[PDB]
Structures are given as structure tokens and as C-alpha cells.
């Protein structure tokens, strides 16, 4: 249980959508990140909720950043039972902006930019550092990306209850970037849709985290420039 609380993008601080603050205001604040219900998991890989969380909507703002630059995401406190991989994807929005665009359930627009899984057969996972404050994560915007508006999808997949399916707990959330710079590339391989990328039967989705086994991270190969 948790969500990305804020980030540092293009050197600037952004408070993400706040599910326990924003809905109660007379006028919810403009955000660079998309609405989420709260800190609970999505458990249905066939649902659009797996994309940007349940009952989401486009965000009003974008955060400017240079291709090749580093982004920091800061999670709320991550429970130590919630071992699992941490994965980040991007998708290019229309040049008219992400603010009124949501990929459809069959839009193969998402490319994986970073992933981490289980360290060998140990109990150390990519989620582990987030279990000790400050709960911080970094990713690099690929340096070759053509300037434009992009959605970023970030998730932890907690596997403490994933022996069968449904069981795996997905904690996805999306934020919006204006990528700038000298890049010329638009990813056109390793593209997937959400839903679609993950199947209930994937070895990393139905998974026994309490046996001494290695872990196959779900989804496509990582994009490389």
C-alpha cells in the first residue's frame, strides 16, 4: 500500500496527485500526475486500471525535462512484506499533449525504460530500498527520445500474495512529461498495451516469493538507445 508522493523532474519539485487531500477540496489542484483512488492495489491484469490505476484521468500539467536527465520519485512508506519488482514505462502522447489523452486498452504504445526484480534467489528485491526511508527511486529519461509529450507509468508489483492469481498486487501510477533536447528517436519495438502486457499466467505474475527461486520480470524488453 502506497503511491508516489512527489518527484524531482527537470530539477524541479512536484507534488503528485494526493488521493487523501485533493478530492475534498472545492477545486482540486492542477497536477502533473494522474488521479488514483488511494494507496490500494490493482489485482486485475485485464483491467484498464492496470495502466494508470483505477478510475484514473488525464492530468492538467506536464513537467519539462531534458532527454537523458534523471528523475527522482519518492514513495510513501513501503511495507516490508511487499517484496517485488519495480518497473517504469513511457509512452508518447499526441503532440497536442497528454492532458486529454489516454491510451486505449489495445494501444501498443508503452515502452519499458527501467526494471528491477529479485536479486538471485534471496529476499532482496527492487522494492526493498523503498522499505527504508527516504523511499526514493530514480530513472533516466532515455537520451535519444524525440522531444514531445510523454506519459510515464511507474509501478511496484508486490508478490507476497501471488502464489495464485488473482494475487499479485500492482501499484501503478502515471505522470506527464514534456521531454526536450536533441533526441531523434521514437520507440517502435518492444511496445505493449496496458492491459495486454501482462498475463495472469506469466511466471512473474503467478509466483511463489517464498521459495528459493529466481524471478522473471514481466513485460517487454527494456528500450535502449
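Positions refer to the first chain, counted from 1.
Higher mean CA temperature factor, per the PDB entry, when comparing 84-92 with 133-141: 133-141. As listed in the deposited structure, the average C-alpha B-factor of 172-180 and of 194-202 is greater for 194-202. Annotation for residue 67: CA B-factor lies in the middle third of the chain's modelled residues. Residue 19: CA B factor lies in the lowest third for its chain, per the PDB record.
Sort the chain's modelled residues by C-alpha temperature factor and residue 128 lands in the middle third, per the entry. When the CA B factors of the chain's modelled residues are split into thirds, the value for residue 6 lands in the lowest one. When all modelled residues of the chain are sorted by CA temperature factor, residue 116 is found within the lowest third.
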